[PDB]
Each structure stands twice: as C-alpha cells, then as structure tokens.
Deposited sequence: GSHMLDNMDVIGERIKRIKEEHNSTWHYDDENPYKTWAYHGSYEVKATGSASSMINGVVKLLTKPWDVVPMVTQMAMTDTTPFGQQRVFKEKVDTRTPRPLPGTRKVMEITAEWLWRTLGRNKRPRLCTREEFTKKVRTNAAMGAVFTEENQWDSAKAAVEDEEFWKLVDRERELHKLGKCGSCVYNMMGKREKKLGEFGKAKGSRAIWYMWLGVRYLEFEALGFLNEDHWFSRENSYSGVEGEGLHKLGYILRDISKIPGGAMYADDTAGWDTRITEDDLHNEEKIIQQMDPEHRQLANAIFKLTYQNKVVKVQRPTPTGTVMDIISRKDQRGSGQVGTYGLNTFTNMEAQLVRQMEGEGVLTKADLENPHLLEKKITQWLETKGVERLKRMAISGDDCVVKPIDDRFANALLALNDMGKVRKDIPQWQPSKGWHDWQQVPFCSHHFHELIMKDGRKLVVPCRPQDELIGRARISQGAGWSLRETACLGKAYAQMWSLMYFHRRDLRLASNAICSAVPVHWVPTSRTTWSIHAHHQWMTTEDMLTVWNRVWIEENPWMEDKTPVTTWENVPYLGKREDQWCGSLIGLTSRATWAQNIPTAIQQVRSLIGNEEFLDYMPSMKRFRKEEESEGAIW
C-alpha cells in the first residue's frame, strides 16, 4: 500500500535487529498494518511509585478508592497491549461527501483567519536547545546531553537532507544512544517545521478567538465567565471518545493546508512532516509473548501520534473547525441533504463564515479535544449529523441522544476542571479552578521515578503542596495538607520534577519564594480581571469555597477522621522532619 514512504524506516529497524527479526503470525493488529517484531527487554511497571512524604501527611486518604486507583496505572507490555486493543485498533467511517466539502471550506477559511497577522516560520536548533535546557532545570537530562553533542545535530542534518528529497529513514513514533538520538531528532525536525504554531502563539485567544494558549489554568474560568455573557443558548462541553483515534485522513489533509502560507524552504520541510510522519507513520509497540517480550512495528495512514507536540495545535485547529460546522448545522445552514451532497452550495457556507465566523469563534473556548461552545440557541443540542459524520462521536452517550448543556458557566467541564466565582472578605471576586479532590490528592501521592532519594521525593511533595496553595487554596483539606508538607520540607529545598504535563500549567509553584507573595502576583497584580490591585496581606483573607461546595467536591471536612488528622498533623510533620534530619524548617500551621 504505502511501502515506498515507510519502507526505508522498516528496512533500518529490520537491519539493526536482524538477529531476532521475525514475522509473528499471532500479532493482534486488525486496523494497523503489521510489518514484524524483534526481541526487547520489557519496560514499565504494573503500579506507580508512592510519594511517602505526601502519603504520611494525608493519612485519611489512605483508604479512599480513587486515591488507591491512581497508583495502579499499568505501563508494562500487558498494559500497553490492553490500551491499544480497546482504544487504538479502530477504523473511523469516512465522512460523507458534503461533510468533507464543508470541512474543507471551513479549514481554508480558518487557516486564512489564523494567519491574518502572523506568518509561519521555521524553528531553530538554539530555540529547541533553550527549551530543552529550561525544562531540564525544573528524559530532560538525556535530552540536555544530546543537544550539547554535535553528533546529534549532524544526525539531524542527515535526516533533514532525506526529508528534502521526500524520504524518511529514522522518524519512528514510540507508543542505545543511536535510537534515543533518532527519536529526539524526529521531535526536533517536527519542531523545526511545525513548532511555530506553539512558539508564535497561533492558538492564543487574541489570534484564534476560540483558543486559550498561554492563558494558564488560573485564567480559564474567567474566559468561561466572559463567554457566559454572550447572548445565546446554553454552554455545551461534549467530550469526544478517543479524539486522537478519530482524526481522519480528511482531517489530516485539511490540517496540511497551512503549508500554503509558508516560504518555499519551510513548506518543503513541513510537507515532509505531514506526508512522511503524520499521514504515513511507523510505530513501535511492546507486546508480551509466551517466551518473552517483542517490539512490534506497525503503520497506518490516519489518527495522531500523541507524542508529537505539534498535535496540540492541530487538534485545536480541527476541533475549532468541527465546532463551527456543528454551529452551522444548529443554525440551519447545513442540512442532512447537504451532508450527503458532493455538489452542496459552497457559497452559503462561505457567506456564513465571512459574516458570522469570527463571532461564532468568540463563543468557544477550545484546547486540543476540549471544547466549550455557547451557540446562538439550543438547536445545537440536537445538531449531531455533522459531528457524528466527521467521526467525532461523543463519549458514553447514544449517538443521537441530544447534548446536555449548562446554564451555569460554573458547572461547565473544561480541561479536567470546573470553575467557581468566590467572594473574598473585602468584596472582590475571584474565579478559581477546581476538580474532585480525590484526583488532586491521588496524583500528588504518586512519585515519578525509581531510586529517588528522600530529598527528591520531599521536593516533589513540596511542588504539589505549592501548586495547591496557588491554584486549589479554596479547598480546606488542600490548604491544610499544603501547609503540613511545606512545614515538613527544609524551606530552602527547591521543588523538583513537575506536578503536571498540562499546557495550562505555568509552574509558578516551582520556586522558594513565599507562596502568599506568589499568590498576590498571580491572583491580584497580574490578574487582568482584578481591577483593584490591593494586596492580600494574610492567608486569612484568601477565600475558601463554600463548605457545602467543598464537601460536594470531595472534602472530608466534617468527618471525624479528618478532624483527628487536623488535630494530630504537628505529630506527622515532626516525624517527616526527624527522617529528613537537622535542616531549617518553618512552621506554617
């Protein structure tokens, strides 16, 4: 089918592992082309490492089911195969000809709108090097060593010369030093050709209208509140089932239209990324066999490779396009007859885009596969023909059952959170991010690496605690647990690793600066929705959620076990201090 594009990559893998290369007839691949297997040592673990510092200071959550579940993520070849079979080995039916036509018209208009002020450009070796260096001082260490080796860049140049001839020899996606250099080299080449979407803020709210890039978790609630003021129907936030697996060959060709705005030298490189690694891909996946573990080499023409970071911007683009198409259907612009029609009237779609498209983009908050839409009316709730036909089937709901919208922006699911408007004691309002408290505690109790010292583990606990003090201060249990962790860890110990990989995280908690000072900077000084810049001088003036809402959202406040924990927390803090040693601590309780 496509061996002329993927053949050189498979030939190189096969030559490198010819001692154990074989065709396994028991391969479970149904929708992916299977090329072969070779022996590998199994990677991953059946369960996550536990952060003992966070665990010792959150004893009431030792029982809680969601907390116990989050520590059971299986990353072994058995776990990889399970996820692959249940989620990735699917085929999306091809959209109808009228659906493909409206998508193409909308994609061309959207790219033109997105590129009205900005022009695409190539990203560079020093840009990638700087990003890698700033992230290593938060594998990043391995990546920092690779960017400092001139042989890595000479390998990058050889692969770029193949891409310029329309060939690919080593850009393989993963579901010795040489293979790590080839993977990081593939990521560099992708960054060089498509990194501009992220680096130049193409999906910022000012540039894209719907986008939220660069806003930060602390600003998303304010944007949903601003959207709530636009006249129209309810706010809809439908979750797509496995968004990345529903990116069709038609979606990929619509995303590729951005190459039309590039300079010749950039278009050549971006066309190679689109054709060789996005629209044709070679993937490695581990699989357990009766006699050991193999690495399977598979390929397909559609879906995304999640590891690519160019996928965030392209997912945002395709979601903005799909939601505009759904809004057109709700408004009666797109009928069932149009979706089936190759010959639909292009001009009525163009006219709707040119007269109402930007206004309709302003009614949305879109981040990758996450969307919030406030349509002009509720007909949108039942406009499902185009959405299902485009392959974006909603998760856990019958295909034709109407979407449920929200009339309170505070109840809307966006980027794994919901948002509350709080009234401070001085009358000022704050709009804060929130999620089930068991998820926040469960995540903070997971360590990220093996062989970590008590220092590295305590510093990751401190990073989680400071993130809670800045984003989730309004949750009573989290402010208390945060104070306990910060009192148990040396004040000069710098938080390490990362609390989240989310694009919305700005990592203001990765500091040894006083958290109240940082809180003031984020919530008051730099908050554009805070008109009165009066600083808050004490945590007693930093508000909480309403007790009832805190309890509805997972708080243990009012339980006897929680009261016992709060009363005995100086004892647990002292136990952690005793094991850390004679360092400088501070009492935050």
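Asker: What residue ranges of the deposited sequence are absent from the coordinates?
Answerer: Coordinates drop out over 1-5, 144-151, 189-204, 619-635.
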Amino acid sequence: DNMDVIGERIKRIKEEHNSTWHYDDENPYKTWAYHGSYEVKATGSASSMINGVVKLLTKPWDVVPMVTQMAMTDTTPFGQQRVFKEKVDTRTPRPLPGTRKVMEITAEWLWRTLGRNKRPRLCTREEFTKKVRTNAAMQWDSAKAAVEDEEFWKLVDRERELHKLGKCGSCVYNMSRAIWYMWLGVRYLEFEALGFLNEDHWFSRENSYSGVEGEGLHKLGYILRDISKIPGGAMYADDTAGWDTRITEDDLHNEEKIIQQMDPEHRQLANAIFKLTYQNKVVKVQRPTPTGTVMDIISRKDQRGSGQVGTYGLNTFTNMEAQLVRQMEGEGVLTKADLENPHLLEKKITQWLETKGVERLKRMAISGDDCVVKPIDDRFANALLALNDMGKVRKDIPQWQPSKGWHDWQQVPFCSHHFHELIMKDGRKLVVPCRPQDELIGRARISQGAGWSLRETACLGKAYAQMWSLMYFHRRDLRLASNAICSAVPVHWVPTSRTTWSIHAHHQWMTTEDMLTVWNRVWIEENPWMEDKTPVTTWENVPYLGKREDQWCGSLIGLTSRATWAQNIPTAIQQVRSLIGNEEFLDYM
From here on, numbers count along this sequence of modelled residues.
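Asker: If you take the mean CA temperature factor per stretch, which one wins between 323-331 and 299-307?
Answerer: Looking at the recorded C-alpha B-factors, 299-307 comes out higher on average.
Asker: Averaging the C-alpha B factors as listed in the entry, name the stretch that ends up higher: 498-506 or 368-376.
Answerer: Looking at the recorded C-alpha B-factors, 498-506 comes out higher on average.
Asker: Say you rank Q261, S416, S142, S208 by Cα B-factor from the PDB entry; which sits at the top?
Answerer: Each of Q261, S416, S142, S208 was compared by C-alpha B-factor; the highest is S142.
Asker: Per the entry's Cα B factor values, which of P402, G98, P77, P433 stands out as the maximum?
Answerer: Of the options given, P77 has the highest CA B-factor in the PDB entry.
Asker: Please rank the C-alpha B-factors of the chain's modelled residues and tell me whether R287 sits in the lowest, middle or highest third.
Answerer: Tercile = highest for this residue's CA B-factor.
Asker: Where does the C-alpha B-factor of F274 rank in its chain, lowest, middle or highest third?
Answerer: Middle third of the chain for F274's C-alpha B-factor.
Asker: Just say lowest, middle or highest third for the CA B-factor of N520 relative to the other modelled residues in its chain.
Answerer: Its C-alpha B-factor, which the entry lists for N520, ranks in the middle third among residues of this chain.
Asker: With respect to C-alpha B-factor, does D550 fall in the lowest, middle or highest third of the chain as deposited?
Answerer: Within its chain, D550 is a lowest-third residue by C-alpha B-factor, going by the deposited values.
Asker: Split into thirds by Cα B-factor across the chain's modelled residues, where does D250 land: lowest, middle or highest?
Answerer: Lowest third, going by the recorded CA B-factors of the chain.
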